[PDB]
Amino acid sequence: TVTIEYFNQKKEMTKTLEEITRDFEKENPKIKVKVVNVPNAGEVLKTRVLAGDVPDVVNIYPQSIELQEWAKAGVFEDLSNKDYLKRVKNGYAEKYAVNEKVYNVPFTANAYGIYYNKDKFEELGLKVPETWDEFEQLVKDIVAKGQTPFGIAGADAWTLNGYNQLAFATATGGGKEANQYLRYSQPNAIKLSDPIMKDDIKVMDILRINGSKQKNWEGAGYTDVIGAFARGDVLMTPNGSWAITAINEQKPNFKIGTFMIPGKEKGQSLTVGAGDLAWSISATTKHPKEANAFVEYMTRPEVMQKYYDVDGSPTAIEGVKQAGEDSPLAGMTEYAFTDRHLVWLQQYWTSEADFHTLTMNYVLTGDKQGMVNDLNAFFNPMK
């Protein structure tokens, strides 16, 4: 009577997760599933995979450069041909393929965008923008109506990771494009007078209209910026869809909305993000058939639905009933799991930290050339 391991990385869902684990078992009396929640679970897993003590089912983040390397070594089962994969939106899992196969079932994913105060927007007669020029005017117009366009956490450069990645993606037409310009170009090819660069500069200057941000944003942090937002201290703030929960808790006094960053024209906005509840399988598990049994469980609607009514992140499984056109994340996720919902660019980076910093530095100083330099310094050791 067999027993298998799900090395879970999603620590905050572990209740509803074991909850599920049981009622899968409640009806598979010939399978055990023990649910691993070790601290330092990132480095635990790396050591083991490499030590060849690989878990039966892994919650592994598919943008990871573990997964690229592990898959292209032979650690995971090829799931391209599974039928429960039919159940993912669009081509969606294919966006993490290795050598044209799929090795991970992305059940849910984050996204990134601009949160905004609707009541505000209503009373001030203000429209969600749909082009860089409109965004820029929206910020000017708010400053003029005597309020604060942005909450910006000057001390958490990562809060603007998405914003800048979306700047390059909208300016170049998508992830593949953005990474061509940035990462797969020759060394020192990023140049201040590139049309793209000028565009990117432009998206970033929206963050430095005069008056755009809240007092002392310079040294503000995430949890701070959440507050300003829920208070009304500002009308907007760039961030992931993870924020919504935190934001809900200052019990804000108005209805929250979100919009996707626009590109240069209508119909051209874009959002970024990756798999969050996402699964792969050892190519070397004992009882393979059992693992596969359990993934296809999770892919069932009534199962997902049960995870979703609690987690609330956009889910790429069909026949789950998701929050509707006026949930707070409705705009931010209006094209999730399609091609206008890019995988995080750094999926093909050796790191990101330098990027979050060249990003805030620029918001902080305005130094255009500095950022171009910052950028090749960041990417150049890409040989």
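For every residue, the number given is its place in the sequence shown, counted from 1.
Higher mean CA temperature factor, per the PDB entry, when comparing 312 to 320 with 330 to 338: 312 to 320.
Relative to one another, 11 to 19 and 356 to 364 have unequal mean CA B-factors, and 11 to 19 is the one with the higher figure. Considering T131, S282, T258, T271 together, the PDB entry gives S282 the largest C-alpha B factor. Which of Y184, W158, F135, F294 has the largest Cα B-factor in the deposited entry comes down to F294. Annotation for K95: CA B-factor lies in the lowest third of the chain's modelled residues. Among the modelled residues of its chain, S193 has a C-alpha B-factor that falls in the middle third, as given in the PDB entry. Looking at the C-alpha B-factors along this chain, the one for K145 belongs to the middle third. Per the deposited record, the Cα B-factor of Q305 falls in the highest third when ranked against the other modelled residues of its chain. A278 sits in the middle third of its chain by CA B factor, as recorded in the PDB entry.
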